[PDB]
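Protein chains in written order, with the deposited numbering: chain P, 69 to 136; chain R, 69 to 204; chain Q, 76 to 225.
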Amino acid sequence: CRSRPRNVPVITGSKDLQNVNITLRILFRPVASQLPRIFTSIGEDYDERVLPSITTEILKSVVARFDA
Amino acid sequence: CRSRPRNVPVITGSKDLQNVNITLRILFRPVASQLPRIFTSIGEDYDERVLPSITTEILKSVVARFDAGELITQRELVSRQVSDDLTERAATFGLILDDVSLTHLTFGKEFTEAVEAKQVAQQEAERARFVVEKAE
Amino acid sequence: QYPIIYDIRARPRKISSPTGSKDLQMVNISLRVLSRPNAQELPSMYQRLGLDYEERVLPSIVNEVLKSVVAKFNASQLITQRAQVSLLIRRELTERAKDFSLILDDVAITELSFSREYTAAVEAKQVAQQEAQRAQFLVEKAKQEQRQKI
Numbered sequence: 069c070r071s072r073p074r075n076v077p078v079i080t081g082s083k084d085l086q087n088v089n090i091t092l093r094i095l096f097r098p099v100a101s102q103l104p105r106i107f108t109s110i111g112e113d114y115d116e117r118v119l120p121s122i123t124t125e126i127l128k129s130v131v132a133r134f135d136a
Numbered sequence: 069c070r071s072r073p074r075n076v077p078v079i080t081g082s083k084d085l086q087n088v089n090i091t092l093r094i095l096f097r098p099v100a101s102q103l104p105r106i107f108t109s110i111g112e113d114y115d116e117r118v119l120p121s122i123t124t125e126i127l128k129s130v131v132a133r134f135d136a137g138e139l140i141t142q143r144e145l146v147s148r149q150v151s152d153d154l155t156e157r158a159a160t161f162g163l164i165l166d167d168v169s170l171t172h173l174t175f176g177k178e179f180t181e182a183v184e185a186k187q188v189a190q191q192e193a194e195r196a197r198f199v200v201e202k203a204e
Numbered sequence: 076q077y078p079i080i081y082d083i084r085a086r087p088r089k090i091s092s093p094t095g096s097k098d099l100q101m102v103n104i105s106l107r108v109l110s111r112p113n114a115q116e117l118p119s120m121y122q123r124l125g126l127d128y129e130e131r132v133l134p135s136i137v138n139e140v141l142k143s144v145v146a147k148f149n150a151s152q153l154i155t156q157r158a159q160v161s162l163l164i165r166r167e168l169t170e171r172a173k174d175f176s177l178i179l180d181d182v183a184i185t186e187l188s189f190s191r192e193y194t195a196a197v198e199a200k201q202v203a204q205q206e207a208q209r210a211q212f213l214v215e216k217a218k219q220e221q222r223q224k225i
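Laid out in structure tokens, this is it:
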């Protein structure tokens, strides 16, 4: 439940679609109240196997809407 | 009776007959009730010696009926056809394909790449539009 | 009674699936899929999946859903709308897994690829749009470097 470090680079296209390379922080402290679930259906490597992909997805979607 | 893995590549011709390379899954769990037969007339290596060929057959037949674009502008239909055909196929060999779908898929080059170029150079259009302004 | 040791520990399974996207660019997208065998159907899940249920469900439903979603967006439309792509992938994959008593908390796209061309030209357009500016003031510079020669 520490906000462990997760830096996740991304290589997307902007609105004008210049190749934009953006990294992001996932300052994740697993919800203490939800850790039962964060091990049932998330597991031991919760962050390494949850967070990078969602970061890439969200960042690409955001970048798609603004020119360089 | 596990749904052991069986990935079976195929190299067929589409309806427009671009060379299509498709692989498929045979998620075969031999019918428990039919295993007597699945050893009498199917044997120990039931999957390795039953399933790959039927997969190739069914997949080629399905691909023959959809053009290179049509194969995946409607891929859900192609994969579902191959899947249910292969499930009913493995059923006769005492095999319950609880699911099947197209692992791999491709075509030739330029029916593939030229409808691509169609919108490529609708932007090459702007590239030249603007190299004009450089020459000016 | 045999102890049925379900790994209800969410065993994430990073799984790759090559894709012909909607416009059918060869996009390879992987997916880290976070499966716990649903507790409220575990005994049926063992009559149905077993102890290595995860290798018995995820390995290919992941690829199913990756392909299904990524084949609904153009080459760029994947980059531009990668949020839509990952959201749809998870939406379909959670229900794919939950059939066999597997609650996916997370299903997220880990990578994405193309050849280059769509994005290459798409970048070059804005490259050159402002190359125009890069040389307009040079037009001016030269209009005046010609009274040098005058």
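We put the CB at the ideal spot given by N, CA and C, even for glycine.
Taking DSSP as the reference, what is the three-state secondary structure of residue i?
| i | result |
| --- | --- |
| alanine 136 of chain P | coil |
| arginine 97 of chain R | strand |
| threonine 123 of chain P | helix |
| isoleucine 164 of chain Q | helix |
| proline 118 of chain Q | helix |
| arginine 117 of chain P | coil |
| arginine 148 of chain R | helix |
| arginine 157 of chain R | helix |
| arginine 70 of chain P | coil |
Since residue i and residue j should fall inside the 8 Å C-beta cutoff, what is the C-beta to C-beta distance between them, to a whole number of angstroms?
| i | j | result |
| --- | --- | --- |
| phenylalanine 198 of chain R | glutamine 204 of chain Q | 6 Å |
| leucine 139 of chain R | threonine 80 of chain R | Actually they do not touch by this definition, with Cβ atoms about 10 Å apart. |
| residue 21 of chain Q | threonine 169 of chain Q | This structure leaves residue 21 of chain Q out entirely; chain Q is present only between 76 and 225. |
| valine 130 of chain R | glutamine 142 of chain R | That belief does not hold up - the Cβ atoms of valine 130 of chain R and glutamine 142 of chain R are roughly 11 Å apart, past 8 Å. |
| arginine 111 of chain Q | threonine 108 of chain P | 4 Å |
| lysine 200 of chain Q | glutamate 184 of chain R | Going by Cβ atoms, the distance from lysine 200 of chain Q to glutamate 184 of chain R rounds to 17 Å, so no, they are not a contact pair. |
| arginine 74 of chain P | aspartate 135 of chain P | Contact doesn't hold; Cβ gap of about 28 Å is too wide. |
| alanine 150 of chain Q | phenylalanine 189 of chain Q | 5 Å |
| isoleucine 106 of chain P | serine 161 of chain Q | Incorrect: roughly 20 Å between the Cβ atoms, too far for contact. |
| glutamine 191 of chain R | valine 197 of chain Q | 7 Å |
| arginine 165 of chain Q | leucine 187 of chain Q | With 8 Å as the limit, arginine 165 of chain Q and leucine 187 of chain Q do not qualify as a contact, their Cβ atoms being about 15 Å apart. |
| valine 137 of chain Q | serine 92 of chain Q | 7 Å |
| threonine 91 of chain R | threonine 180 of chain R | 18 Å between Cβ atoms; not a contact. |
| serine 151 of chain R | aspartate 167 of chain R | 7 Å |
| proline 134 of chain Q | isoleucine 104 of chain Q | So it is not a contact: roughly 15 Å between Cβ atoms. |
Tell me the residue span of the alpha helix (DSSP H) that contains residue i.
| i | result |
| --- | --- |
| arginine 88 of chain Q | Segment 86 to 95 is the beta strand (DSSP E) holding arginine 88 of chain Q; no alpha helix (DSSP H) there. |
| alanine 183 of chain Q | Element bounds for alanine 183 of chain Q: not the alpha helix (DSSP H) but the beta strand (DSSP E), 178 to 184. |
| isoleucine 83 of chain Q | First-last for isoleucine 83 of chain Q: undefined, no H or E at that position. |
| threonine 108 of chain P | 103 to 108 |
| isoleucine 154 of chain Q | 150 to 155 |
| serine 169 of chain R | No alpha helix (DSSP H) contains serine 169 of chain R, which DSSP labels as neither H nor E. |
| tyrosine 193 of chain Q | 192 to 224 |
Name the two residues that bound the continuous beta strand (DSSP E) containing residue i.
| i | result |
| --- | --- |
| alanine 193 of chain R | Per DSSP, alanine 193 of chain R belongs to no beta strand (DSSP E); it is in the alpha helix (DSSP H), 178 to 203. |
| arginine 93 of chain R | 87 to 93 |
| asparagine 138 of chain Q | Note, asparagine 138 of chain Q: premise wrong, no beta strand (DSSP E); alpha helix (DSSP H) at 133 to 145. |
| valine 108 of chain Q | 101 to 111 |
| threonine 174 of chain R | Where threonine 174 of chain R is concerned, there is no enclosing beta strand (DSSP E), given that its DSSP letter is neither H nor E. |
| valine 78 of chain R | 75 to 81 |
Measure from the alpha carbon of residue i to the alpha carbon of each residue in the options, then state which is nearest.
| i | options | result |
| --- | --- | --- |
| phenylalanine 175 of chain Q | Q/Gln201, Q/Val197, Q/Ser91, Q/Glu116 | Q/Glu116 |
| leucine 99 of chain Q | R/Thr174, R/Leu85, R/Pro73, R/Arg133 | R/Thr174 |
| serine 101 of chain R | R/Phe161, R/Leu119, R/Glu204, R/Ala196 | R/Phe161 |
| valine 78 of chain R | R/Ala189, R/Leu103, R/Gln190, R/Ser169 | R/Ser169 |
| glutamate 139 of chain Q | Q/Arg157, Q/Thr94, Q/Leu126, Q/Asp82 | Q/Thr94 |
| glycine 125 of chain Q | Q/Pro78, Q/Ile225, Q/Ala195 | Q/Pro78 |
| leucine 109 of chain Q | Q/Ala183, Q/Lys97, Q/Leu213 | Q/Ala183 |
| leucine 179 of chain Q | Q/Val202, Q/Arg88, Q/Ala207, Q/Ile80 | Q/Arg88 |
| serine 71 of chain P | P/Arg93, P/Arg117, P/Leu85 | P/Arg93 |
| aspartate 82 of chain Q | Q/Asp127, Q/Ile90, Q/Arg123, Q/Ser96 | Q/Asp127 |
| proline 104 of chain P | Q/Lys218, Q/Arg84, Q/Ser135 | Q/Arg84 |
| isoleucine 154 of chain Q | Q/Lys97, Q/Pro118, Q/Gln223 | Q/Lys97 |
| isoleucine 80 of chain Q | Q/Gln156, Q/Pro118, Q/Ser91, Q/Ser92 | Q/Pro118 |
| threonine 155 of chain R | R/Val118, R/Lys83, R/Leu85 | R/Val118 |
Tell me whether residue i is buried or exposed, calling it buried when 16 or more other Cβ atoms sit within 10 Å of its Cβ.
| i | result |
| --- | --- |
| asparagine 87 of chain R | exposed |
| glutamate 125 of chain P | buried |
| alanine 203 of chain R | exposed |
| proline 120 of chain P | buried |
| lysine 142 of chain Q | buried |
| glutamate 129 of chain Q | buried |
| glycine 111 of chain P | buried |
| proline 98 of chain R | buried |
| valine 200 of chain R | exposed |
| residue 231 of chain Q | The requested residue 231 of chain Q does not occur in the structure, where chain Q is confined to residues 76 to 225. |
| residue 34 of chain Q | Since the first residue of chain Q shown is 76 and the last is 225, residue 34 of chain Q is not available in this structure. |
| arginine 133 of chain R | exposed |
| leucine 165 of chain R | buried |
I'd like to confirm something about residue i: is its beta-carbon nearer than 7 Å to some heavy atom of the ligand SAH, or not?
| i | result |
| --- | --- |
| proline 104 of chain P | As presented, the structure is devoid of all ligands, the ligand SAH included, so that no description of it is given. |
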